[PDB]
């Protein structure tokens, strides 16, 4: 109710992707497709929270994976991530109210833009890391000048959105400590535990939900 008043006052909503908009972690799914799920999956857990320098953790994880372009294509085509229940309807209600919706991820644009298309979110509204490939398709690194490539990158994205569009009320929605750490500069943060409860987030967030339906505030 009071959460509904908050949610309805936003003119922009930024969603974390991994474990919020989708059930999975995009990089762990890619690691599965490339055959090193075990090591990378725990490296990803080890980075969760404000725990390690993100950029180093991403280099090491990708150095084990070595994803080729055709492997990224196969992931998107054959093992696409699962949208969290309710998120399709939630983004639809937001877009019908002219709230600008963004996706922000430390994952990868190829995957996140696939997710955005399913949600009618334009690619201009997607902020993620960009994989590089050689002419033959072999993994060649990633763009380190992206804000999402560095620790604190979600906060840097939101700051860039404020400067570009002058939004008066930007809300960050996400499951982890780095999402909670994006407020400020976000105006409010709503923790999400529908896929996995991070107790550290749930204990310290003013707003926390476990089911995307809870923000649907008028049953239509």
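Positions refer to the first chain, counted from 1.
When the other compared entries with both flanking residues are checked, residue 48 is unmodelled in at least a third. The mean C-alpha temperature factor is higher for 146-154 when 146-154 and 91-99 are set side by side. The PDB entry records a higher mean C-alpha B factor for 130-138 than for its counterpart among 101-109 and 130-138. Comparing the listed residues 64, 161, 190, 170, the entry records the largest Cα B-factor for 64. For the set 194, 35, 174, 184, the PDB entry puts the maximum C-alpha B factor at 35. Among all modelled residues in its chain, residue 210 ranks in the middle third by Cα B-factor.
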